[PDB]
Amino acid sequence: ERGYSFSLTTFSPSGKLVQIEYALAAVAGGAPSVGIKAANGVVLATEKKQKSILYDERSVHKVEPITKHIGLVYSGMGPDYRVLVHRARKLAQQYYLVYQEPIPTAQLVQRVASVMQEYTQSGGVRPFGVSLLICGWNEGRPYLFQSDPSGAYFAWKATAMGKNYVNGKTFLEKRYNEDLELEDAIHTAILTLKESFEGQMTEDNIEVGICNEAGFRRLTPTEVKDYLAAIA
Amino acid sequence: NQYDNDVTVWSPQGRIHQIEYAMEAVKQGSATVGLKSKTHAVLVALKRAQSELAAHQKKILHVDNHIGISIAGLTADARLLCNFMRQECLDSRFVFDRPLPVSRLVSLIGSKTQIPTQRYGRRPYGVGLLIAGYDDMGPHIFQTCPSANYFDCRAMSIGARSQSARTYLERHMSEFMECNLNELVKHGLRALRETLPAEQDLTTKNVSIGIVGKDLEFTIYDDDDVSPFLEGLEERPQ
Amino acid sequence: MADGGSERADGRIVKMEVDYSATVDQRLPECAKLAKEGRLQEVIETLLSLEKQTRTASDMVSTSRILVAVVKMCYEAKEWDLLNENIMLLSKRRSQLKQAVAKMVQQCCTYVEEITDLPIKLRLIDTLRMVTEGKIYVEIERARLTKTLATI
Amino acid sequence: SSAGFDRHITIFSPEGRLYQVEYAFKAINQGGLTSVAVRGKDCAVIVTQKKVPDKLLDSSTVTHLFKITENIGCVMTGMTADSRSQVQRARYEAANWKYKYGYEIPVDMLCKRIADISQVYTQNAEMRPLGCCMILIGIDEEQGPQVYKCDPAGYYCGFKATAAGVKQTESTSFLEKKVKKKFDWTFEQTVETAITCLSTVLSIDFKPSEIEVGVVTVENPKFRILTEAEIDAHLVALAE
Amino acid sequence: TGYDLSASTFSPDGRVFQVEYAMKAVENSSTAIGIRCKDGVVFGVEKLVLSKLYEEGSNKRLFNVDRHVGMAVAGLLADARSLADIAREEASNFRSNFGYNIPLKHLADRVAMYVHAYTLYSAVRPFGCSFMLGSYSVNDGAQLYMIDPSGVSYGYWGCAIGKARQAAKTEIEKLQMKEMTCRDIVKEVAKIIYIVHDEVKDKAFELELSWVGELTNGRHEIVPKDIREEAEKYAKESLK
Amino acid sequence: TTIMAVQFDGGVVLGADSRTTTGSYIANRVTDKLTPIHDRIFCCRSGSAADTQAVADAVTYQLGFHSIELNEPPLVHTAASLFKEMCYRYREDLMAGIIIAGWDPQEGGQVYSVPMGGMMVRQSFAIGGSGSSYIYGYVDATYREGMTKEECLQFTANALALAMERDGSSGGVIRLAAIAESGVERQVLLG
């Protein structure tokens with residue numbers, strides 16, 4: 001490059017930022033996803049489709065692990081997702097080289113959102129088009145956080161993103177209670193993902209990852225075929 | 001009109017207009033004529049003054065003992081290429097201990113002016129040269145342009161109304177081999193006087209001559225030693 | 001080059017009775033190669049159509065007695081051999097087939113007013129097994145239309 | 001609609017889209033070419049025609065079938081100047097896998113490294129996003145053959161049989177009808193379908209001089225470009 | 001319009017007009033052809049003289065990059081002398097690291113990447129040049145290459161650059177290529193330059209011929225021009 | 001450490017000992033002194049251990065990238081140039097003695113010598129290493145021009161066996177390798 005470095009995101013005359021609001025529009029028209037925190041573990045459930053019978057499902061993965069106990073899904077766009085995965089992978093290593101201890105889940109999200117915000121103020125680039133759902137069972141209590149293209153973190157009990165997320169939002173508002181078990185959380189997570197799905201819900205149309213206090217665990221399609229018997 | 005602003009932008013007709021504008025800046029300068037013979041490389045220039053009491057602006061300027069140039073454009077780009085030009089001759093003098101051939105000097109110039117005509121934010125060098133050298137294969141006359149095209153000519157003229165000077169050199173190009181110095185020079189100043197209006201001429205105040213030859217180091221004559229040359233002339237007919 | 005094909009056809013029609021019929025099968029792969037290549041002016045699709053018209057005339061005059069199933073065998077053994085040598089198209093679209101089909105049903109309609117029902121319905125049932133899975137395309141279909149009008 | 005400079009540089013639209021990248025998807029179609037990839041049970045076929053407009057032009061310096069490593073080949077569509085720039089990147093990062101890690105690079109991991117680079121060109125706004133596609137083949141240990149496709153947006157996935165180029169929506173529609181009927185796939189069963197799909201979509205029924213076949217096999221993992229004679233051998237064999 | 005200012009933006013249908021503009025800049029230049037016989041390559045450039053305008057032998061477009069490599073540039077002449085410095089500099093570093101002579105297949109690739117690199121950014125513009133690369137080697141024969149301003153570079157037997165592009169290669173292909181000594185080809189080049197470009201626009205034109213092959217031992221040099229002068233004497237035998 | 005390379009009418013024949021010392025202690029009884037760069041080009045390294053393993057990887061990296069791009073089997077003289085460029089540039093930091101020998105389709109079988117200065121010279125036979133000073137007289141009176149392959153295998157076997165006996169730093173087991181147009185024949189002897 002040359003030395004331009006001019007930020008292409010400035011304030012509106014109203015006083016809002018324009019490109020971040022447009023980046024949120026790309027997230028809302030993405031694949032639906034749901035995450036539920038249920039007092040012994042946290043369950044991530046995304047919704048994976050294939051436009052043909054020609055694609056392969058053992059290749060592209062949505063639920064992606066980070067350390068040994070920290071999972072991560074998204075709802076926005078695809079190529080930008082893999083960037084900040086590899087960024088967060090290295091970002092958890094400088095914690096572990098220095099402190100010799102697995103990084104707490106709150107400590108990642110402070111660092112990932114700091115990457116993402118500082119990315120928007122600098123010049124020549126667009127913001128990301130990805131929102132995240134990060135979870136983990138650190139120090140007894142499990143956790144569930146959500147980031148955004150603006151770079152703001154939250155702490156949900158149960159949220160949803162992607163298409164028709166407000167419909168899934170009201171559904172969890174009646175479905176979720178003070179506490180459940182892990183298996184009940186999986187049963188209501190498939191229930192809310194079956195809200196806006198299509199007719200074929202096989203072991204390949206959904207893709208589910210959990211966080212035990214024993215650790216992160218990604219579910220193979222065998223159990224998801226077995227657990228979808230009398231689903232929702 | 002929107003694509004006539006930057007150097008980087010091409011045209012829907014295929015011609016970069018910023019180079020074509022730099023050609024017109026060369027035409028705003030005064031006229032000068034360079035020619036050669038078997039043994040000499042005389043170039044004659046035409047000075048201009050700003051007022052009646054100011055001095056005339058100089059044209060011919062010394063580069064090395066066997067290379068001297070003339071000038072036809074801006075004055076900042078004049079000295080900017082001159083200081084590059086002095087630098088390159090003494091480096092070959094310091095390293096190889098030999099004078100540069102004129103032909104490989106000018107290819108350094110055409111390489112030098114190429115880069116600001118492609119990158120963004122740069123202007124082309126709005127200046128044209130007439131280089132007269134002498135080396136182991138004879139005298140040479142090289143003209144340049146802001147389009148970085150250098151020409152191995154035998155007689156050219158550039159500046160204002162240089163066309164009438166070119167028409168003189170076309171019908172006298174055969175005579176330029178078998179002429180020594182006196183009729184070699186007084187051929188050349190007959191070319192400049194066809195670039196003048198019919199009420200003034202060369203007054204030994206607005207004329208310089210640069211000669212470089214075989215046993216002759218490049219020498220600039222002005223205002224005192226032009227009067228031995230300005231003799232045996234004639235008025236222009238009506 | 002088709003002067004050679006002309007003189008071999010001129011060699012056959014005189015010598016159908018003198019020479020034996022296996023030499024026609026010994027002259028069969030030569031005309032198969034002359035039909036395969038295809039040149040600009042020496043051999044041409046019309047000269048290929050005429051040389052097959054002359055042999056099918058010689059094969060019907062030979063099979064004009066009660067012994068008919070030689071022309072039906074040797075042509076089917078010719079059409080099967082010409083499929084296995086060539087790639088997908090046989091050589092062309094019309095000339096090698098549609099004239100010769102219109103030749104045979106012309107031969108059939110001329111012979112049916114003298115011949116018994118047996119070898120011609122052998123002929124009809126052989127060409128119906130041809131034109132059910134062989135040449136079922138358009139260009140032409142009137143040679144099939146008068147075929148089933150004569151078959152009925 | 002258009003807000004700011006969303007038609008010009010890679011920024012967002014008010015509709016939550018962008019436009020330069022989806023212009024680049026139909027920057028392939030100015031190439032005027034169609035390539036088909038089919039993976040069988042123990043092989044992986046690449047087939048691509050070539051157009052030779054001039055008789056004063058070689059029949060050697062034309063074919064898009066390139067060789068990344070000794071066990072990985074590829075095919076390029078789109079424009080040609082952007083294609084060979086993409087290939088030198090793939091040749092360069094395959095060798096760095098050897099020098100850093102020691103073993104041969106998987107065909108899956110290479111498509112990540114390519115799609116990351118295409119991401120960045122989308123990402124920083126002051127550079128062009130390189131419109132050309134990418135298809136890889138190769139044999140993995142204890143995984144069999146693979147077929148992948150990088151895109152100028154920056155995403156990839158595995159496939160079973162997937163074409164690219166100009167004609168996909170007729171070519172992929174035929175391959176779906178071929179796969180979902182659950183037939184066998186051995187070697188020549190896989191090669192014949194890779195021809196006849198490209199044969200029926202283009203509707204040519206050609207002479208064996210335009211297409212090139214780049215099969216890789218489990219028994220012979222070397223990337224191999226087929227001879228024109230044996231290309232003619234398969235074509236007359238499927239011909240009845 | 002609106003999309004045709006930078007080399008970074010695409011068109012709404014997916015092409016780049018700045019490359020398209022520079023292609024027709026080369027088209028408005030004089031004619032230069034190149035043809036290889038069975039043991040060498042012959043270069044031919046029609047070179048225009050306006051009235052006098054220089055010497056006899058200024059600004060030749062037959063550059064000499066390596067000891068066995070030639071040039072036949074046409075287009076914007078200042079940028080052509082830049083590529084000649086780049087192609088010279090590339091072959092030297094091949095000699096330094098390695099130490100056999102540069103193969104012509106690499107030197108086409110290494111240059112055309114540098115051409116392609118100027119078709120991405122909004123800082124620089126595309127080059128307005130196009131040229132021929134001719135070599136000869138006893139291990140490799142002769143090869144002839146051809147670079148456009150986009151960067152698409154591959155092999156030819158006979159090509160032609162300039163205004164007379166389709167009009168000149170009409171009759172190049174009428175000849176033979178394998179059954180020709182290059183000394184026969186030299187006078188065959190000169191008629192085609194003499195055939196095309198009637199002197200309606202330009203009265204004076206030169207004819208510079210260069211010639212590398214078996215007879216010149218792989219060394220590239222100009223033809224003996226004033227010596228033996230059999231081209232133009234044979235070329236003007238075509239008055240009817 | 002003693003390395004050996006003899007060319008003949010077909011390809012070449014390489015050979016080395018296997019004994020790696022740390023000054024008076026054998027750190028390794030058996031060592032692959034010789035290294036496959038390419039399928040027809042080996043080297044056999046001497047001097048330091050960390051240095052020669054570092055150079056032989058980088059040359060294998062650069063020659064591997066260069067040959068795929070050129071899409072031909074490379075030249076043995078090309079590979080000998082790459083060892084020269086690194087060992088001359090870092091001659092203040094490398095103590096390496098390399099003999100490159102391999103078969104080539106253009107020029108048959110070739111043997112080069114890159115000693116610790118960083119020069120390069122083609123030879124018919126070439127020896128090197130710390131034990132190579134003891135067999136100068138034997139290799140000069142026994143070498144005869146025009147040997148077959150099996151004569152060269154017998155020739156290098158006797159030459160390495162003498163230096164292993166007499167030098168203390170050389171010994172272990174003998175590794176041989178015959179590179180030709182057909183293949184590479186590797187074998188391990190004693191005696």
# chains A, B, ... in the order shown; residues from 1 in each chain; ligands from 1

$ interface_residues --of "chain D" --to "chain C" --cutoff "8 Å" --atoms "only C-alpha atoms" --output "list in words"
residues 236, 239 and 240 of chain D

$ closest_atom_pairs --of "chain A" --to "chain D" --cutoff "6 Å" --atoms "only C-alpha atoms" --output "tab-separated table"
residue	atom	partner	partner_atom	distance
A:22	CA	D:16	CA	5.4
A:25	CA	D:16	CA	4.8
A:26	CA	D:16	CA	4.5
A:54	CA	D:160	CA	5.6
A:55	CA	D:159	CA	4.7
A:56	CA	D:158	CA	5.2
A:59	CA	D:158	CA	5.9
A:79	CA	D:154	CA	5.5
A:124	CA	D:125	CA	5.7
A:125	CA	D:124	CA	5.0
A:126	CA	D:11	CA	5.7

$ closest_atom_pairs --of "chain E" --to "chain F" --cutoff "9 Å" --atoms "only C-alpha atoms" --output "Markdown table"
| residue | atom | partner | partner_atom | distance |
| --- | --- | --- | --- | --- |
| E:96 | CA | F:85 | CA | 8.8 |
| E:97 | CA | F:85 | CA | 6.9 |
| E:98 | CA | F:78 | CA | 5.8 |
| E:99 | CA | F:78 | CA | 7.0 |
| E:100 | CA | F:78 | CA | 7.5 |
| E:103 | CA | F:70 | CA | 8.9 |
| E:105 | CA | F:70 | CA | 8.0 |
| E:106 | CA | F:70 | CA | 7.4 |
| E:139 | CA | F:106 | CA | 8.7 |

$ write_last_selection --atoms "N, CA and C atoms" --output "tab-separated table (two decimals), in the first residue's frame"
chain	number	residue	atom	x	y	z
E	96	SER	N	23.20	-15.89	-11.72
E	96	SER	CA	23.98	-15.78	-10.50
E	96	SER	C	23.67	-16.91	-9.54
E	97	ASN	N	22.39	-17.20	-9.31
E	97	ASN	CA	22.02	-18.22	-8.34
E	97	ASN	C	22.34	-19.61	-8.88
E	98	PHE	N	21.81	-19.90	-10.06
E	98	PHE	CA	22.05	-21.03	-10.93
E	98	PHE	C	23.26	-20.64	-11.76
E	99	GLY	N	23.31	-20.94	-13.04
E	99	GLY	CA	24.59	-20.83	-13.71
E	99	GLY	C	24.62	-21.63	-14.98
E	100	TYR	N	23.45	-22.06	-15.41
E	100	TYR	CA	23.20	-22.32	-16.81
E	100	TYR	C	22.33	-21.18	-17.31
E	103	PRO	N	16.12	-20.50	-19.33
E	103	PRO	CA	15.19	-21.05	-20.31
E	103	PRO	C	14.13	-20.03	-20.67
E	105	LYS	N	10.97	-20.47	-21.29
E	105	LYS	CA	9.68	-20.68	-20.63
E	105	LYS	C	9.61	-19.94	-19.30
E	106	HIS	N	10.71	-19.91	-18.55
E	106	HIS	CA	10.73	-19.11	-17.33
E	106	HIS	C	10.68	-17.63	-17.63
E	139	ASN	N	19.52	-27.86	-27.02
E	139	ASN	CA	18.80	-28.80	-26.19
E	139	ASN	C	17.30	-28.61	-26.27

$ atom_distance --atom1 "CA of residue 78 in chain D" --atom2 "CA of residue 16 in chain E"
13.4 Å

$ residues_around --residues "residue 99 in chain B" --least-positions-apart "4" --cutoff "12 Å" --atoms "only C-alpha atoms" --output "list in words"
residues 63, 64, 65, 66, 67, 86, 88, 89, 90, 91, 92, 93, 94, 95, 103, 104, 105, 133, 134, 135 and 136 of chain B

$ closest_residue --among "E:130, E:29, E:6, E:122" --to "chain A" --atoms "only C-alpha atoms"
E:122

$ select_by_dssp --residues "range 18-54 of chain E" --states "helix (DSSP H, G or I)" --output "VMD selection string"
chain E and resid 18 to 27

$ residues_around --residues "residue 234 in chain D" --least-positions-apart "2" --cutoff "10 Å" --atoms "only C-alpha atoms" --output "PyMOL selection string"
chain D and resi 188+191-192+195+208+229-232+236-239

$ interface_residues --of "chain B" --to "chain A" --cutoff "12 Å" --atoms "only C-alpha atoms" --output "list in words"
residues 119, 120 and 121 of chain B

$ select_by_dssp --residues "range 76-177 of chain B" --states "strand (DSSP E or B)" --output "PyMOL selection string"
chain B and resi 130-135+138-143+151-153+155-158

$ write_last_selection --atoms "N, CA and C atoms" --output "compact mmCIF listing (two decimals), in the first residue's frame"
# COMPACT_ATOMS: atom_id res chain seq x y z
N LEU B 130 18.32 18.97 -25.35
CA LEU B 130 19.15 18.77 -26.53
C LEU B 130 20.55 18.48 -26.03
N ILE B 131 20.94 17.21 -26.08
CA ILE B 131 22.24 16.81 -25.58
C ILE B 131 23.21 16.72 -26.74
N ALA B 132 24.37 17.36 -26.60
CA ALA B 132 25.41 17.32 -27.62
C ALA B 132 26.67 16.78 -26.96
N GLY B 133 27.07 15.59 -27.35
CA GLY B 133 28.25 15.01 -26.77
C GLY B 133 29.33 14.68 -27.78
N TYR B 134 30.36 14.00 -27.32
CA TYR B 134 31.43 13.55 -28.20
C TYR B 134 32.13 12.40 -27.51
N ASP B 135 32.31 11.31 -28.23
CA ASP B 135 32.93 10.13 -27.65
C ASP B 135 33.70 9.38 -28.72
N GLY B 138 32.18 9.49 -32.27
CA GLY B 138 31.90 10.74 -32.93
C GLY B 138 30.98 11.64 -32.14
N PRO B 139 30.61 12.78 -32.71
CA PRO B 139 29.62 13.63 -32.06
C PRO B 139 28.23 13.02 -32.15
N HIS B 140 27.36 13.47 -31.25
CA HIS B 140 25.99 12.97 -31.18
C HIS B 140 25.06 14.10 -30.78
N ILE B 141 23.84 14.07 -31.31
CA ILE B 141 22.79 15.01 -30.93
C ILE B 141 21.59 14.19 -30.49
N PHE B 142 21.18 14.36 -29.24
CA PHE B 142 20.06 13.63 -28.67
C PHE B 142 19.01 14.62 -28.18
N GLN B 143 17.78 14.45 -28.64
CA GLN B 143 16.67 15.21 -28.08
C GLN B 143 15.81 14.29 -27.23
N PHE B 151 15.77 10.51 -28.91
CA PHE B 151 15.91 10.37 -30.35
C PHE B 151 17.34 10.66 -30.77
N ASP B 152 17.92 9.74 -31.53
CA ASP B 152 19.23 9.95 -32.14
C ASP B 152 19.00 10.68 -33.45
N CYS B 153 19.02 12.00 -33.38
CA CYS B 153 18.83 12.84 -34.55
C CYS B 153 20.17 13.37 -35.05
N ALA B 155 19.92 16.76 -36.61
CA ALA B 155 19.67 18.17 -36.39
C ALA B 155 18.22 18.31 -35.97
N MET B 156 17.97 18.94 -34.83
CA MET B 156 16.61 19.21 -34.38
C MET B 156 16.53 20.57 -33.73
N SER B 157 15.29 20.97 -33.47
CA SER B 157 14.98 22.21 -32.79
C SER B 157 13.69 22.03 -32.01
N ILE B 158 13.69 22.56 -30.79
CA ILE B 158 12.55 22.47 -29.89
C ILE B 158 12.39 23.77 -29.13

$ residues_around --residues "residue 190 in chain A" --least-positions-apart "5" --cutoff "12 Å" --atoms "only C-alpha atoms" --output "VMD selection string"
chain A and resid 32 to 36 43 to 47 168 172 183 to 185 195 to 197 201 to 203 205 to 209 224 to 225 227 to 232

$ write_last_selection --atoms "N, CA, C and O atoms" --output "compact mmCIF listing (two decimals), in the first residue's frame"
# COMPACT_ATOMS: atom_id res chain seq x y z
N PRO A 32 -29.44 -19.56 10.97
CA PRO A 32 -29.89 -19.46 12.36
C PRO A 32 -29.04 -20.30 13.29
O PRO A 32 -28.43 -21.30 12.90
N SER A 33 -29.01 -19.88 14.55
CA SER A 33 -28.20 -20.54 15.56
C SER A 33 -28.80 -20.25 16.93
O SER A 33 -29.49 -19.25 17.12
N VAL A 34 -28.50 -21.13 17.88
CA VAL A 34 -29.08 -21.01 19.22
C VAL A 34 -28.06 -21.52 20.22
O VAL A 34 -27.26 -22.40 19.92
N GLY A 35 -28.09 -20.94 21.42
CA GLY A 35 -27.21 -21.35 22.49
C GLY A 35 -27.89 -21.21 23.84
O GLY A 35 -28.50 -20.18 24.11
N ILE A 36 -27.80 -22.24 24.68
CA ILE A 36 -28.54 -22.31 25.94
C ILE A 36 -27.58 -22.69 27.05
O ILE A 36 -26.79 -23.63 26.90
N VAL A 43 -24.86 -25.53 25.71
CA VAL A 43 -25.09 -26.24 24.46
C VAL A 43 -25.15 -25.23 23.33
O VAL A 43 -25.92 -24.27 23.39
N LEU A 44 -24.35 -25.45 22.29
CA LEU A 44 -24.39 -24.66 21.07
C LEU A 44 -25.07 -25.50 19.99
O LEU A 44 -24.76 -26.68 19.84
N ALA A 45 -25.99 -24.89 19.26
CA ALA A 45 -26.67 -25.55 18.15
C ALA A 45 -26.74 -24.58 16.98
O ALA A 45 -27.35 -23.51 17.09
N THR A 46 -26.12 -24.95 15.87
CA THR A 46 -26.25 -24.20 14.64
C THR A 46 -27.17 -24.94 13.68
O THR A 46 -27.75 -25.97 14.03
N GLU A 47 -27.28 -24.45 12.45
CA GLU A 47 -28.20 -25.02 11.48
C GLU A 47 -27.50 -25.01 10.13
O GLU A 47 -27.35 -23.96 9.52
N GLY A 168 -37.26 -16.96 17.66
CA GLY A 168 -36.57 -17.82 18.60
C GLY A 168 -36.34 -17.15 19.93
O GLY A 168 -36.17 -17.82 20.96
N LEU A 172 -37.62 -19.01 23.44
CA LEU A 172 -36.80 -19.29 24.60
C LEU A 172 -37.27 -18.54 25.83
O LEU A 172 -37.05 -19.01 26.95
N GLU A 183 -29.20 -32.46 29.15
CA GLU A 183 -29.96 -33.15 28.12
C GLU A 183 -31.25 -32.43 27.80
O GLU A 183 -31.69 -32.41 26.64
N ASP A 184 -31.88 -31.83 28.81
CA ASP A 184 -33.07 -31.03 28.56
C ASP A 184 -32.74 -29.80 27.74
O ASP A 184 -33.55 -29.37 26.92
N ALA A 185 -31.54 -29.26 27.94
CA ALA A 185 -31.10 -28.11 27.16
C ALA A 185 -30.90 -28.48 25.70
O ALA A 185 -31.17 -27.68 24.80
N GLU A 195 -37.84 -24.55 14.80
CA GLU A 195 -38.82 -23.51 14.53
C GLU A 195 -38.72 -23.00 13.10
O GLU A 195 -39.72 -22.98 12.38
N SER A 196 -37.53 -22.61 12.68
CA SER A 196 -37.35 -21.94 11.41
C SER A 196 -36.62 -22.83 10.42
O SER A 196 -36.08 -22.37 9.42
N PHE A 197 -36.62 -24.14 10.66
CA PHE A 197 -35.88 -25.04 9.80
C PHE A 197 -36.70 -25.41 8.57
O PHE A 197 -37.72 -24.78 8.27
N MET A 201 -34.91 -32.79 8.77
CA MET A 201 -33.98 -32.59 9.87
C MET A 201 -33.34 -33.93 10.15
O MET A 201 -33.88 -34.76 10.89
N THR A 202 -32.19 -34.16 9.52
CA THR A 202 -31.44 -35.37 9.66
C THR A 202 -30.31 -35.13 10.65
O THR A 202 -30.27 -34.06 11.29
N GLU A 203 -29.40 -36.08 10.77
CA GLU A 203 -28.17 -35.88 11.50
C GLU A 203 -27.22 -34.91 10.81
O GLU A 203 -26.23 -34.49 11.42
N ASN A 205 -28.37 -32.01 8.99
CA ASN A 205 -28.92 -30.67 8.87
C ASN A 205 -28.64 -29.81 10.08
O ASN A 205 -28.77 -28.58 9.99
N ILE A 206 -28.27 -30.41 11.20
CA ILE A 206 -27.92 -29.67 12.41
C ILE A 206 -26.53 -30.10 12.82
O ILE A 206 -26.00 -31.10 12.35
N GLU A 207 -25.94 -29.33 13.73
CA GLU A 207 -24.57 -29.61 14.13
C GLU A 207 -24.36 -29.00 15.51
O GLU A 207 -24.45 -27.79 15.67
N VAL A 208 -24.13 -29.85 16.51
CA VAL A 208 -24.31 -29.49 17.91
C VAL A 208 -23.01 -29.75 18.67
O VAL A 208 -22.43 -30.84 18.56
N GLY A 209 -22.58 -28.77 19.46
CA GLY A 209 -21.44 -28.91 20.34
C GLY A 209 -21.76 -28.53 21.77
O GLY A 209 -22.46 -27.54 21.99
N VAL A 224 -26.66 -37.51 17.43
CA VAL A 224 -27.62 -36.51 16.98
C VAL A 224 -28.72 -37.17 16.16
O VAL A 224 -29.87 -36.71 16.17
N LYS A 225 -28.40 -38.25 15.46
CA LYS A 225 -29.45 -39.08 14.88
C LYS A 225 -30.24 -39.78 15.96
O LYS A 225 -31.46 -39.93 15.83
N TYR A 227 -30.52 -38.78 19.18
CA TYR A 227 -31.20 -37.86 20.08
C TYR A 227 -32.36 -37.16 19.40
O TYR A 227 -33.29 -36.72 20.08
N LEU A 228 -32.35 -37.09 18.07
CA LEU A 228 -33.46 -36.47 17.35
C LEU A 228 -34.70 -37.35 17.30
O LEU A 228 -35.72 -36.90 16.78
N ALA A 229 -34.63 -38.58 17.79
CA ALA A 229 -35.82 -39.40 17.93
C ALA A 229 -36.73 -38.79 19.00
O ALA A 229 -36.32 -38.63 20.15
N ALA A 230 -37.97 -38.49 18.59
CA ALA A 230 -38.95 -37.72 19.36
C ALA A 230 -38.35 -36.39 19.83
O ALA A 230 -38.30 -36.08 21.02
N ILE A 231 -37.88 -35.63 18.85
CA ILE A 231 -37.28 -34.33 19.12
C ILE A 231 -38.40 -33.32 19.35
O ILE A 231 -39.53 -33.54 18.91
N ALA A 232 -38.06 -32.23 20.05
CA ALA A 232 -38.96 -31.11 20.38
C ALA A 232 -40.25 -31.51 21.10
O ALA A 232 -41.16 -30.69 21.26

$ interface_residues --of "chain E" --to "chain A" --cutoff "12 Å" --atoms "only C-alpha atoms" --output "PyMOL selection string"
chain E and resi 120-124

$ interface_residues --of "chain E" --to "chain D" --cutoff "6 Å" --atoms "only C-alpha atoms" --output "PyMOL selection string"
chain E and resi 8-9+14+120-121+151-152+154-158

$ write_last_selection --atoms "N, CA, C and O atoms" --output "short mmCIF file (atom, residue, chain, number, x, y, z; two decimals), in the first residue's frame"
data_model
loop_
_atom_site.label_atom_id
_atom_site.label_comp_id
_atom_site.auth_asym_id
_atom_site.auth_seq_id
_atom_site.Cartn_x
_atom_site.Cartn_y
_atom_site.Cartn_z
N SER E 8 -8.40 -1.33 -9.74
CA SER E 8 -8.89 -2.15 -8.65
C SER E 8 -10.37 -2.47 -8.77
O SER E 8 -10.82 -3.48 -8.23
N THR E 9 -11.14 -1.64 -9.46
CA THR E 9 -12.57 -1.85 -9.55
C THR E 9 -12.92 -2.73 -10.73
O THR E 9 -12.20 -2.77 -11.73
N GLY E 14 -18.32 -7.41 -14.98
CA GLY E 14 -17.19 -8.20 -14.53
C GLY E 14 -15.94 -8.17 -15.38
O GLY E 14 -15.28 -9.20 -15.53
N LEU E 120 -3.47 -4.60 -10.73
CA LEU E 120 -4.23 -4.84 -9.51
C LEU E 120 -4.54 -3.58 -8.74
O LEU E 120 -5.64 -3.44 -8.22
N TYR E 121 -3.59 -2.66 -8.66
CA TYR E 121 -3.65 -1.59 -7.69
C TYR E 121 -4.11 -0.30 -8.34
O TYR E 121 -3.97 -0.09 -9.55
N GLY E 151 -1.17 -9.87 -19.39
CA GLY E 151 -0.18 -10.76 -18.82
C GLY E 151 -0.33 -12.18 -19.34
O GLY E 151 0.40 -13.08 -18.92
N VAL E 152 -1.27 -12.37 -20.25
CA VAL E 152 -1.53 -13.68 -20.83
C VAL E 152 -0.42 -14.00 -21.82
O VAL E 152 -0.30 -13.35 -22.86
N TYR E 154 1.72 -17.04 -23.88
CA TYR E 154 2.02 -18.40 -24.32
C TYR E 154 2.55 -18.49 -25.74
O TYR E 154 2.85 -17.48 -26.38
N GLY E 155 2.63 -19.72 -26.25
CA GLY E 155 3.45 -20.02 -27.41
C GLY E 155 2.75 -19.84 -28.74
O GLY E 155 1.54 -20.00 -28.86
N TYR E 156 3.55 -19.51 -29.74
CA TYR E 156 3.07 -19.28 -31.09
C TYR E 156 4.07 -19.88 -32.07
O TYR E 156 5.20 -20.20 -31.71
N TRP E 157 3.63 -20.02 -33.31
CA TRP E 157 4.58 -20.12 -34.40
C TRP E 157 4.76 -18.80 -35.11
O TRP E 157 5.89 -18.38 -35.34
N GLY E 158 3.67 -18.13 -35.44
CA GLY E 158 3.75 -16.82 -36.05
C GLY E 158 2.75 -15.88 -35.42
O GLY E 158 1.56 -16.19 -35.35
#
